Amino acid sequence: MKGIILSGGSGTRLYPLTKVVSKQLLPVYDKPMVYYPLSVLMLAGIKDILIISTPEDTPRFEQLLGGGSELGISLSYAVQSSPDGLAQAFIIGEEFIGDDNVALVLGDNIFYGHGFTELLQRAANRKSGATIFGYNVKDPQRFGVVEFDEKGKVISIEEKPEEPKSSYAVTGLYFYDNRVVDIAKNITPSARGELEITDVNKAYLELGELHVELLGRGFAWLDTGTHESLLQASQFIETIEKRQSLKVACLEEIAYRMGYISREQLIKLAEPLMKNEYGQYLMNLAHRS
C-alpha cells in the first residue's frame, strides 16, 4: 500500500509563522510537524510515500527528509500549485498511486495513543472500501462529522455542518482502495471552493463501503491549526516524552522497530547526531537487546 502526506496549504491562521516556513515545518515540541504524520504511515507498514506541498515548500521537505533510504523507505515529492482541496491529493498522486490502495494523512494532524498501531495495521490490510477514523471533539462543526448507528455503521458524513449530527470528527487519516483516484476526479468544488475529502468519503458511503474506526477518549488527536493549538500540542508531546524514556515520532527509531533498517544502519544514522540528545537516543536504542 502506498501513502500520501498532504503537506501544503496557506497556513493563513498561523501568520506570520507561515510567511517563510511551511506550517508543516514548524515545531511540534522538538520535531518538525511533518515527522508526526510520516511516523503514522511508517507505523502502518507503509514504505512508499508521496509528500505533496506548495511550489515553494516542496523542496524544503525534500531537504529535510530526502528520498527515504536512511529510513529504509521511499519518499517522493510532488507540487500542488494551489490549495484547492484534500481530494487533489489523489489527482496529483495518480501516477504515484498506480493500481494500488493508498492512505492519506494530513500534514497538520497529530495522532497518539495506545492501541494505535493495531488499528493502523488493520486499516492498511483492508483491501476494499474506505476507512476513516472518528474522534469525539468539543466543536464538531469545525470538522467533517460522522454519524454512526449502534453497530458502528455509518449513517451520514458532512463537512463542517452547522447542526452536527454527532460529536465525532472525521480525523485526517484515511485509507482507500484504488477506486479513490476515479472518485476524486469526479467530485466538484464545495462552497469553500475545495475538492473535499468529505465528498470522496460520501462516494464510498453511497456504495455502503465507508467504514469508521472509533478512536476512543483515551486517544489524543490534536491539530496545529492555530497558534494556541500548536503550542498546546507541543506541550502535550513534551509531557509524554519527559516522563518516559521513549520518544514520539522518532523516524529513525520507527524505521528500526518496523525492520525497515538494521541495527548497523541505525548506528550509522546515530553517529553524525551524537553531538545531540537525539543521536544519543538513537545510539542507545541500537545497542539495546
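Take the two forms, find the largest set of C-alpha atoms that superpose within 1.5 Å, and that set is the rigid core. So that there is no doubt, residue numbering starts at 1 and follows the sequence shown.
K.L.:
Could you check whether 210 to 218 or 98 to 106 drifts more from the shown form in 8 other deposited structures of this protein, using RMS Cα distance once the core is superposed?
P.N.:
Checking 210 to 218 against 98 to 106 in 8 other deposited structures of this protein, I find the farther stretch is 210 to 218.
K.L.:
Taking RMS over all structures and residues, which stretch has CA atoms farther from the shown form in 8 other deposited structures of this protein, 44 to 52 or 242 to 250, after a rigid core fit?
P.N.:
It is 242 to 250 that deviates more in 8 other deposited structures of this protein.
K.L.:
Could you check which stretch, 29 to 37 or 256 to 264, carries the larger mean CA temperature factor in the entry?
P.N.:
Here the higher of the two C-alpha B-factor means belongs to 256 to 264.
K.L.:
In the PDB record, does 119 to 127 or 207 to 215 carry the higher mean Cα temperature factor?
P.N.:
Between 207 to 215 and 119 to 127, it is 119 to 127 that shows the higher mean C-alpha B-factor.
K.L.:
When the CA B-factors of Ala89, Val79, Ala103, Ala169 are compared as recorded in the entry, which is the largest?
P.N.:
Across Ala89, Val79, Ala103, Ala169, the entry lists the biggest C-alpha B-factor for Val79.
K.L.:
From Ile187, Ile110, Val137, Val146, can you pick the one with the highest C-alpha B factor in the entry?
P.N.:
Highest CA B-factor of the listed options: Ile187.
K.L.:
Taking the entry's C-alpha B-factors for this chain, is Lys47 in the lowest, middle or highest third?
P.N.:
Lowest third - that is where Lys47 ends up once the chain's C-alpha B-factors are sorted.
K.L.:
Name the third of the chain's ranked CA B-factors that contains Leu269, choosing lowest, middle or highest.
P.N.:
Its C-alpha B-factor, which the entry lists for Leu269, ranks in the middle third among residues of this chain.
K.L.:
Going by the entry, which third of its chain does the Cα temperature factor of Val180 land in?
P.N.:
Lowest third - that is where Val180 ends up once the chain's C-alpha B-factors are sorted.
K.L.:
Ranking the modelled residues of this chain by C-alpha B-factor as given in the entry, is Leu71 in the lowest, middle or highest third?
P.N.:
Answer is middle: the recorded C-alpha B-factor places it there.
K.L.:
So where's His227 on the chain's Cα temperature factor ranking, which third?
P.N.:
CA B-factor rank for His227: lowest third.
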